[PDB]
């Protein structure tokens, strides 16, 4: 047994911009490393990890994969499609993490001006240890 998780977000609530995506269904979490209420994976086992997400919203969808590791990770994945269209954006990375480092996803508004309302977001976020540091 090693860290391995799969968490799902499927709900009516809008997902706030620039805050960690939270999830309402835990499919797997072997080492109990993920808190679906905060949206954070928190590393207990130091090592190299794989993370990947698959997510959709109506209209433009931008998500960042982020970490509190040093140096920090901030990777953006954006579908700049039309308002009426809903697509699945996927992104992810192989990351080296220390004990206590956090990893999450976060929506942002990749374009447009002030005053945009957050939107519903379907999301599957997956991750697992590749090897122990």
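Positions refer to the first chain, counted from 1.
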Once average C-alpha B-factors are taken from the entry for 41-49 and 78-86, the winner is 78-86
The stretch whose C-alpha atoms carry the larger average B-factor in the entry, 107-115 or 15-23, is 107-115
Ranked C-alpha temperature factor of residue 97 among modelled chain residues, by third
middle
For residue 65, the third of its chain into which the C-alpha B factor falls:
lowest
Consider only the C-alpha atoms of the modelled residues in this chain, order them by B-factor as the entry records it, and name the third containing residue 55: lowest, middle or highest.
lowest
